[PDB]
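Coordinates as given in my_file.csv (CSV, N, CA, C and O atoms):
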chain,number,residue,atom,x,y,z
A,246,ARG,N,-69.4,36.5,234.0
A,246,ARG,CA,-70.4,37.0,234.9
A,246,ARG,C,-70.1,36.6,236.3
A,246,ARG,O,-70.8,37.0,237.2
A,247,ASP,N,-69.0,35.8,236.5
A,247,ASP,CA,-68.6,35.3,237.8
A,247,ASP,C,-67.6,36.3,238.3
A,247,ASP,O,-66.8,36.0,239.2
A,248,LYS,N,-67.6,37.6,237.9
A,248,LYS,CA,-66.9,38.7,238.4
A,248,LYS,C,-67.6,39.2,239.6
A,248,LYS,O,-68.5,40.0,239.5
A,249,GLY,N,-67.2,38.7,240.8
A,249,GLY,CA,-67.7,39.2,242.0
A,249,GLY,C,-66.5,39.4,242.9
A,249,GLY,O,-66.6,40.0,244.0
A,250,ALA,N,-65.3,39.0,242.4
A,250,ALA,CA,-64.0,39.4,243.0
A,250,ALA,C,-62.9,39.1,242.0
A,250,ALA,O,-62.0,38.3,242.5
A,251,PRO,N,-62.7,39.6,240.8
A,251,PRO,CA,-61.5,39.3,240.0
A,251,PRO,C,-60.3,39.8,240.7
A,251,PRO,O,-60.5,40.8,241.5
A,252,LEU,N,-59.1,39.2,240.6
A,252,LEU,CA,-57.9,39.5,241.3
A,252,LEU,C,-57.5,40.9,241.1
A,252,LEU,O,-56.9,41.6,242.0
A,253,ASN,N,-57.7,41.5,239.9
A,253,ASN,CA,-57.5,42.9,239.5
A,253,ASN,C,-58.2,43.9,240.5
A,253,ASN,O,-57.7,44.9,240.7
A,254,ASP,N,-59.4,43.5,240.9
A,254,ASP,CA,-60.4,44.3,241.6
A,254,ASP,C,-60.4,44.1,243.1
A,254,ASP,O,-61.0,44.9,243.8
A,255,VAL,N,-59.6,43.1,243.5
A,255,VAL,CA,-59.5,42.8,245.0
A,255,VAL,C,-58.0,42.8,245.3
A,255,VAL,O,-57.7,42.4,246.4
A,256,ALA,N,-57.2,43.3,244.4
A,256,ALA,CA,-55.7,43.3,244.5
A,256,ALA,C,-55.3,44.0,245.7
A,256,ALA,O,-55.6,45.2,245.8
A,257,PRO,N,-54.6,43.4,246.7
A,257,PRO,CA,-54.6,43.9,248.1
A,257,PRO,C,-53.3,44.7,248.2
A,257,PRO,O,-52.7,44.6,249.2
A,258,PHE,N,-53.0,45.5,247.1
A,258,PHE,CA,-51.8,46.2,246.9
A,258,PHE,C,-52.2,47.2,245.9
A,258,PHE,O,-51.4,48.2,245.7
A,259,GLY,N,-53.4,47.2,245.4
A,259,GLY,CA,-54.0,48.2,244.5
A,259,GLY,C,-53.4,48.1,243.1
A,259,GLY,O,-53.3,49.1,242.4
A,260,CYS,N,-53.1,46.8,242.8
A,260,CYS,CA,-52.5,46.5,241.5
A,260,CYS,C,-53.5,46.6,240.4
A,260,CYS,O,-54.5,45.9,240.4
A,261,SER,N,-53.2,47.4,239.3
A,261,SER,CA,-54.0,47.5,238.1
A,261,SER,C,-53.4,46.5,237.2
A,261,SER,O,-52.5,46.7,236.4
A,262,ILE,N,-54.0,45.2,237.2
A,262,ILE,CA,-53.7,44.1,236.4
A,262,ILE,C,-54.0,44.5,234.9
A,262,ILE,O,-55.1,45.0,234.6
A,263,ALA,N,-53.0,44.3,234.0
A,263,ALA,CA,-53.1,44.7,232.7
A,263,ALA,C,-52.6,43.5,231.9
A,263,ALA,O,-51.9,42.7,232.5
A,264,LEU,N,-53.1,43.4,230.7
A,264,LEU,CA,-53.1,42.2,229.9
A,264,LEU,C,-52.1,42.3,228.8
A,264,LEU,O,-52.2,43.3,228.0
A,265,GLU,N,-51.2,41.3,228.6
A,265,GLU,CA,-50.8,40.7,227.4
A,265,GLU,C,-49.7,39.7,227.6
A,265,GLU,O,-49.9,38.6,227.3
A,266,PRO,N,-48.5,40.1,228.0
A,266,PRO,CA,-47.6,39.2,228.8
A,266,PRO,C,-48.1,39.1,230.2
A,266,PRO,O,-47.7,38.2,230.9
A,267,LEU,N,-49.0,40.0,230.6
A,267,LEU,CA,-49.7,40.0,231.9
A,267,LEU,C,-48.8,40.8,232.8
A,267,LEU,O,-47.6,40.5,232.9
A,268,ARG,N,-49.4,41.7,233.6
A,268,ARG,CA,-48.6,42.4,234.5
A,268,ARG,C,-49.5,43.0,235.6
A,268,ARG,O,-50.7,43.2,235.3
A,269,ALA,N,-48.9,43.2,236.8
A,269,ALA,CA,-49.7,43.8,237.8
A,269,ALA,C,-49.0,45.2,238.0
A,269,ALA,O,-47.9,45.2,238.6
A,270,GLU,N,-49.6,46.2,237.5
A,270,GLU,CA,-49.2,47.6,237.6
A,270,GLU,C,-49.4,48.3,238.9
A,270,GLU,O,-50.5,48.1,239.5
A,271,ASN,N,-48.5,49.1,239.4
A,271,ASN,CA,-48.6,50.1,240.5
A,271,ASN,C,-49.1,49.4,241.7
A,271,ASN,O,-50.2,49.8,242.2
A,272,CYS,N,-48.4,48.4,242.2
A,272,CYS,CA,-48.7,47.7,243.4
A,272,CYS,C,-48.1,48.5,244.6
A,272,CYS,O,-47.2,49.4,244.4
A,273,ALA,N,-48.4,48.0,245.8
A,273,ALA,CA,-48.0,48.4,247.1
A,273,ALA,C,-47.3,47.2,247.7
A,273,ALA,O,-47.1,47.1,248.9
A,274,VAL,N,-47.2,46.1,246.9
A,274,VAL,CA,-46.7,44.8,247.2
A,274,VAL,C,-45.2,44.8,247.6
A,274,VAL,O,-44.4,45.4,246.9
A,275,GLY,N,-44.9,44.1,248.6
A,275,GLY,CA,-43.5,43.8,249.0
A,275,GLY,C,-42.7,44.9,249.5
A,275,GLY,O,-43.1,46.1,249.6
A,276,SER,N,-41.4,44.6,249.6
A,276,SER,CA,-40.3,45.5,249.9
A,276,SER,C,-39.4,45.1,248.9
A,276,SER,O,-39.4,44.0,248.4
A,277,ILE,N,-38.5,46.1,248.4
A,277,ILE,CA,-37.8,45.9,247.2
A,277,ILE,C,-36.3,45.8,247.7
A,277,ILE,O,-35.8,46.8,248.2
A,278,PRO,N,-35.6,44.7,247.5
A,278,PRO,CA,-34.1,44.6,247.6
A,278,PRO,C,-33.5,45.5,246.6
A,278,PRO,O,-33.8,45.4,245.4
A,279,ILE,N,-32.6,46.4,247.1
A,279,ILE,CA,-31.9,47.3,246.2
A,279,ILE,C,-30.5,47.3,246.5
A,279,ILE,O,-30.1,47.6,247.7
A,280,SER,N,-29.5,47.1,245.6
A,280,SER,CA,-28.1,47.2,245.9
A,280,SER,C,-27.9,48.5,245.2
A,280,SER,O,-28.3,48.7,244.0
A,281,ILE,N,-27.4,49.5,246.0
A,281,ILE,CA,-27.4,50.9,245.6
A,281,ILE,C,-26.0,51.4,245.6
A,281,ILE,O,-25.3,51.3,246.6
A,282,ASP,N,-25.4,51.8,244.4
A,282,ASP,CA,-24.1,52.5,244.4
A,282,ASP,C,-24.3,54.0,244.7
A,282,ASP,O,-24.7,54.8,243.9
A,283,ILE,N,-24.0,54.3,246.0
A,283,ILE,CA,-23.9,55.6,246.6
A,283,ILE,C,-22.8,56.4,246.0
A,283,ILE,O,-21.8,55.8,245.8
A,284,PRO,N,-23.0,57.7,245.6
A,284,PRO,CA,-22.0,58.5,245.1
A,284,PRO,C,-21.1,59.0,246.2
A,284,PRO,O,-21.6,59.5,247.2
A,285,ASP,N,-19.7,58.9,246.0
A,285,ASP,CA,-18.8,59.4,246.9
A,285,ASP,C,-18.8,60.9,247.2
A,285,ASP,O,-18.5,61.3,248.3
A,286,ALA,N,-19.4,61.6,246.2
A,286,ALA,CA,-19.7,63.0,246.2
A,286,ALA,C,-20.7,63.5,247.1
A,286,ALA,O,-21.0,64.7,247.2
A,287,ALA,N,-21.4,62.5,247.8
A,287,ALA,CA,-22.5,62.8,248.7
A,287,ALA,C,-22.2,62.5,250.1
A,287,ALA,O,-23.0,62.7,251.0
A,288,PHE,N,-20.9,62.3,250.4
A,288,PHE,CA,-20.3,62.1,251.6
A,288,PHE,C,-19.5,63.4,251.8
A,288,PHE,O,-19.5,64.3,251.0
A,289,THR,N,-18.7,63.5,252.9
A,289,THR,CA,-17.8,64.6,253.1
A,289,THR,C,-16.6,64.5,252.3
A,289,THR,O,-16.4,63.5,251.5
A,290,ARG,N,-15.7,65.5,252.3
A,290,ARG,CA,-14.5,65.7,251.5
A,290,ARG,C,-13.5,64.6,251.7
A,290,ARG,O,-13.0,64.0,250.7
A,291,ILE,N,-13.1,64.2,253.0
A,291,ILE,CA,-12.1,63.2,253.2
A,291,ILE,C,-12.1,62.9,254.7
A,291,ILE,O,-11.6,61.9,255.2
A,292,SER,N,-12.9,63.7,255.5
A,292,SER,CA,-12.8,63.7,256.9
A,292,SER,C,-14.2,64.2,257.3
A,292,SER,O,-14.7,65.2,256.8
A,293,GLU,N,-14.8,63.5,258.3
A,293,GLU,CA,-15.8,64.1,259.1
A,293,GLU,C,-15.2,65.2,260.0
A,293,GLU,O,-14.3,64.9,260.8
A,294,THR,N,-15.4,66.5,259.6
A,294,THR,CA,-14.8,67.6,260.2
A,294,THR,C,-15.8,68.7,260.4
A,294,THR,O,-15.5,69.6,261.3
B,295,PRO,N,8.9,73.8,259.4
B,295,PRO,CA,8.2,72.7,260.1
B,295,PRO,C,8.0,72.9,261.6
B,295,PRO,O,9.0,73.2,262.2
B,296,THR,N,6.8,72.6,262.1
B,296,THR,CA,6.6,72.2,263.5
B,296,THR,C,5.4,71.3,263.4
B,296,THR,O,4.4,71.7,262.8
B,297,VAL,N,5.5,70.1,263.9
B,297,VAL,CA,4.5,69.1,263.8
B,297,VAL,C,4.0,68.8,265.2
B,297,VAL,O,4.7,68.4,266.1
B,298,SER,N,2.6,68.9,265.3
B,298,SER,CA,2.0,68.6,266.6
B,298,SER,C,0.6,68.1,266.2
B,298,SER,O,0.2,68.3,265.1
B,299,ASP,N,0.0,67.2,267.0
B,299,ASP,CA,-1.3,66.7,266.9
B,299,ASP,C,-1.5,66.0,265.6
B,299,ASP,O,-2.1,66.5,264.7
B,300,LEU,N,-0.9,64.8,265.5
B,300,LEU,CA,-0.9,64.1,264.2
B,300,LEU,C,-1.8,63.0,264.3
B,300,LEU,O,-1.9,62.4,265.4
B,301,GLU,N,-2.6,62.7,263.3
B,301,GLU,CA,-3.5,61.6,263.3
B,301,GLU,C,-3.5,61.0,261.9
B,301,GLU,O,-3.4,61.8,261.0
B,302,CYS,N,-3.8,59.7,261.8
B,302,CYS,CA,-4.0,59.1,260.5
B,302,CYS,C,-5.3,58.5,260.5
B,302,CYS,O,-5.7,57.8,261.4
B,303,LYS,N,-6.1,58.8,259.4
B,303,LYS,CA,-7.4,58.2,259.2
B,303,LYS,C,-7.2,57.7,257.8
B,303,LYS,O,-6.8,58.4,256.9
B,304,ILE,N,-7.6,56.4,257.6
B,304,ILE,CA,-7.6,55.8,256.3
B,304,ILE,C,-9.1,55.9,255.9
B,304,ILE,O,-10.0,55.5,256.6
B,305,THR,N,-9.3,56.5,254.7
B,305,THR,CA,-10.7,56.7,254.2
B,305,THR,C,-11.1,55.4,253.5
B,305,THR,O,-12.2,54.9,253.8
B,306,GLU,N,-10.3,54.9,252.6
B,306,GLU,CA,-10.5,53.8,251.8
B,306,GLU,C,-9.2,53.1,251.5
B,306,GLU,O,-8.2,53.7,251.5
B,307,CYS,N,-9.3,51.8,251.1
B,307,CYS,CA,-8.1,51.1,250.7
B,307,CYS,C,-8.4,50.0,249.8
B,307,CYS,O,-9.5,49.4,249.9
B,308,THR,N,-7.5,49.6,248.9
B,308,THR,CA,-7.5,48.4,248.2
B,308,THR,C,-6.5,47.6,248.9
B,308,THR,O,-5.4,48.0,249.3
B,309,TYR,N,-6.9,46.3,249.3
B,309,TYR,CA,-6.2,45.4,250.1
B,309,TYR,C,-4.9,45.0,249.5
B,309,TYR,O,-4.8,44.4,248.4
B,310,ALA,N,-3.8,45.4,250.2
B,310,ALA,CA,-2.4,45.0,250.0
B,310,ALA,C,-2.0,45.3,248.5
B,310,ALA,O,-1.9,44.4,247.8
B,311,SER,N,-2.1,46.6,248.1
B,311,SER,CA,-2.0,47.0,246.7
B,311,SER,C,-0.9,47.9,246.5
B,311,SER,O,-0.2,48.3,247.4
B,312,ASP,N,-0.6,48.1,245.2
B,312,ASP,CA,0.5,48.8,244.6
B,312,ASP,C,0.7,50.2,245.2
B,312,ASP,O,1.8,50.4,245.8
B,313,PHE,N,-0.4,50.9,245.3
B,313,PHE,CA,-0.5,52.2,246.0
B,313,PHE,C,-2.0,52.4,245.9
B,313,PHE,O,-2.5,53.4,245.4
B,314,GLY,N,-2.8,51.4,246.4
B,314,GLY,CA,-4.3,51.5,246.4
B,314,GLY,C,-4.8,52.0,247.6
B,314,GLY,O,-6.0,52.0,247.8
B,315,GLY,N,-4.0,52.3,248.6
B,315,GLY,CA,-4.3,52.9,249.9
B,315,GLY,C,-4.5,54.3,249.8
B,315,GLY,O,-3.6,55.0,249.5
B,316,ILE,N,-5.7,54.9,250.3
B,316,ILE,CA,-5.9,56.3,250.3
B,316,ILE,C,-6.3,56.6,251.7
B,316,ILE,O,-7.2,56.1,252.3
B,317,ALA,N,-5.5,57.5,252.3
B,317,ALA,CA,-5.6,57.9,253.7
B,317,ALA,C,-5.3,59.3,253.8
B,317,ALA,O,-4.6,59.8,252.9
B,318,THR,N,-5.7,59.9,254.9
B,318,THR,CA,-5.5,61.3,255.1
B,318,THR,C,-4.9,61.5,256.5
B,318,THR,O,-5.3,60.8,257.4
B,319,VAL,N,-3.9,62.4,256.6
B,319,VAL,CA,-3.2,62.6,257.8
B,319,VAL,C,-3.6,64.1,258.0
B,319,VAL,O,-3.3,65.0,257.2
B,320,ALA,N,-4.3,64.3,259.2
B,320,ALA,CA,-4.8,65.6,259.6
B,320,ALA,C,-3.8,66.0,260.7
B,320,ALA,O,-3.2,65.1,261.4
B,321,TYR,N,-3.6,67.3,260.8
B,321,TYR,CA,-2.5,67.7,261.7
B,321,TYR,C,-2.7,69.2,262.1
B,321,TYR,O,-3.6,69.9,261.7
B,322,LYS,N,-1.8,69.6,263.0
B,322,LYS,CA,-1.6,70.9,263.5
B,322,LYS,C,-0.1,71.3,263.4
B,322,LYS,O,0.7,70.5,263.7
B,323,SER,N,0.2,72.5,262.9
B,323,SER,CA,1.5,73.0,262.9
B,323,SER,C,1.5,74.3,263.6
B,323,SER,O,0.5,75.0,263.6
B,324,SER,N,2.6,74.6,264.3
B,324,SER,CA,2.8,75.8,265.0
B,324,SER,C,3.4,76.8,264.0
B,324,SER,O,3.2,78.0,264.0
B,325,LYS,N,4.2,76.2,263.0
B,325,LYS,CA,4.8,76.9,262.0
B,325,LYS,C,4.7,76.0,260.8
B,325,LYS,O,5.1,74.8,260.9
B,326,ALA,N,4.0,76.4,259.7
B,326,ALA,CA,3.8,75.7,258.5
B,326,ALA,C,5.1,75.4,257.8
B,326,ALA,O,6.0,76.2,257.9
B,327,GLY,N,5.2,74.2,257.2
B,327,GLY,CA,6.4,73.8,256.5
B,327,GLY,C,6.0,72.6,255.6
B,327,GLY,O,4.8,72.5,255.2
B,328,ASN,N,7.0,71.9,255.2
B,328,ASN,CA,6.9,70.7,254.4
B,328,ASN,C,7.6,69.7,255.1
B,328,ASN,O,8.8,69.9,255.5
B,329,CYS,N,6.9,68.6,255.4
B,329,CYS,CA,7.3,67.5,256.3
B,329,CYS,C,7.4,66.3,255.4
B,329,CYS,O,6.6,66.2,254.5
B,330,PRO,N,8.3,65.4,255.6
B,330,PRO,CA,8.4,64.2,254.7
B,330,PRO,C,7.4,63.2,255.2
B,330,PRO,O,7.5,62.8,256.3
B,331,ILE,N,6.5,62.7,254.3
B,331,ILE,CA,5.6,61.6,254.5
B,331,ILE,C,6.4,60.3,254.3
B,331,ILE,O,7.3,60.4,253.4
B,332,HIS,N,6.2,59.3,255.1
B,332,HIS,CA,7.1,58.2,255.0
B,332,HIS,C,6.5,57.0,255.8
B,332,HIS,O,5.8,57.2,256.7
B,333,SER,N,7.1,55.8,255.5
B,333,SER,CA,6.9,54.6,256.2
B,333,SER,C,8.2,53.9,256.1
B,333,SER,O,8.7,53.8,255.0
B,334,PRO,N,8.8,53.5,257.2
B,334,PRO,CA,10.1,52.9,257.2
B,334,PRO,C,10.0,51.4,256.8
B,334,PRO,O,11.0,50.7,256.9
B,335,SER,N,8.8,51.0,256.5
B,335,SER,CA,8.6,49.6,256.0
B,335,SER,C,9.1,49.4,254.7
B,335,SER,O,9.4,50.3,253.9
B,336,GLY,N,9.2,48.0,254.3
B,336,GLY,CA,9.7,47.5,253.1
B,336,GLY,C,8.7,46.6,252.6
B,336,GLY,O,8.9,46.1,251.5
B,337,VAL,N,7.6,46.4,253.3
B,337,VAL,CA,6.4,45.7,252.9
B,337,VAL,C,5.3,46.8,252.7
B,337,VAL,O,4.2,46.5,252.3
B,338,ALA,N,5.7,48.1,253.0
B,338,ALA,CA,4.8,49.1,252.8
B,338,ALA,C,5.6,50.3,252.5
B,338,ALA,O,6.7,50.5,253.1
B,339,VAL,N,5.2,51.1,251.6
B,339,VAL,CA,5.9,52.4,251.2
B,339,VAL,C,4.8,53.4,251.1
B,339,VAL,O,3.7,53.1,250.7
B,340,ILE,N,5.1,54.7,251.4
B,340,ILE,CA,4.1,55.7,251.1
B,340,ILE,C,4.5,56.2,249.8
B,340,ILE,O,5.7,56.2,249.4
B,341,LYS,N,3.5,56.5,248.9
B,341,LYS,CA,3.7,56.9,247.5
B,341,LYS,C,4.5,58.2,247.4
B,341,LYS,O,5.5,58.3,246.7
B,342,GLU,N,4.1,59.2,248.3
B,342,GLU,CA,4.7,60.5,248.3
B,342,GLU,C,5.7,60.4,249.4
B,342,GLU,O,5.7,59.4,250.2
B,343,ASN,N,6.6,61.4,249.4
B,343,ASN,CA,7.6,61.4,250.4
B,343,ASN,C,7.6,62.8,251.0
B,343,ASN,O,8.4,63.1,251.9
Take the structure from the file and write it as structure tokens.
Amino acid sequence: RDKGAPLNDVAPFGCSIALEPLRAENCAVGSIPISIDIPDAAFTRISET
Amino acid sequence: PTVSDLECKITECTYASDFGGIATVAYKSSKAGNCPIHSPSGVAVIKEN
């Protein structure tokens, strides 16, 4: 009854805290480091022409 | 053959490799022909001739 601000409900990223291993679902939290393998097919043929 | 306006652009390379170098030579010919590709080096060879 001391629910006046559970972290789920004040999650400042809009995280839907879900239970069992515990997880914070669908946040707006952080910025995500991504190392991305770009496909060579999405550049030009062999030359900027 | 007639060769004019020759440029070498290296697109990608594997450092000091067997034939891991990939480069493109863009050009202009006044009369199309077959020209020998070459490097007079002995520490570098062009795969094709």
For chain A, list the residues within 12 Å of chain B, counting only C-alpha atoms, and write the list as a ChimeraX atom specification.
/A:285,288-294
Dump N, CA, C and O atoms for the selected residues as a CSV table (one decimal), in the coordinates of the input?
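That gives us part06.csv:
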chain,number,residue,atom,x,y,z
A,285,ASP,N,-19.7,58.9,246.0
A,285,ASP,CA,-18.8,59.4,246.9
A,285,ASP,C,-18.8,60.9,247.2
A,285,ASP,O,-18.5,61.3,248.3
A,288,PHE,N,-20.9,62.3,250.4
A,288,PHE,CA,-20.3,62.1,251.6
A,288,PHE,C,-19.5,63.4,251.8
A,288,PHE,O,-19.5,64.3,251.0
A,289,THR,N,-18.7,63.5,252.9
A,289,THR,CA,-17.8,64.6,253.1
A,289,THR,C,-16.6,64.5,252.3
A,289,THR,O,-16.4,63.5,251.5
A,290,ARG,N,-15.7,65.5,252.3
A,290,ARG,CA,-14.5,65.7,251.5
A,290,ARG,C,-13.5,64.6,251.7
A,290,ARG,O,-13.0,64.0,250.7
A,291,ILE,N,-13.1,64.2,253.0
A,291,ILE,CA,-12.1,63.2,253.2
A,291,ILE,C,-12.1,62.9,254.7
A,291,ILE,O,-11.6,61.9,255.2
A,292,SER,N,-12.9,63.7,255.5
A,292,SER,CA,-12.8,63.7,256.9
A,292,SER,C,-14.2,64.2,257.3
A,292,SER,O,-14.7,65.2,256.8
A,293,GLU,N,-14.8,63.5,258.3
A,293,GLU,CA,-15.8,64.1,259.1
A,293,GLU,C,-15.2,65.2,260.0
A,293,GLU,O,-14.3,64.9,260.8
A,294,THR,N,-15.4,66.5,259.6
A,294,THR,CA,-14.8,67.6,260.2
A,294,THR,C,-15.8,68.7,260.4
A,294,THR,O,-15.5,69.6,261.3
Could you please give me, as a PyMOL selection string, the residues of protein, DNA or RNA lying at most 8 Å from (6.5, 62.6, 248.9) in the coordinate frame of the file, considering all atoms listed in the file?
chain B and resi 329-332+340-343
Separation of atom CA of residue 263 of chain A from atom CA of residue 278 of chain A, in Å and rounded to one decimal
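So the answer is 24.1 Å.
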Report, in Å with one decimal, the straight-line distance from atom CA of residue 308 of chain B to atom O of residue 339 of chain B.
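Result for atom CA of residue 308 of chain B versus atom O of residue 339 of chain B: 12.4 Å, one decimal.
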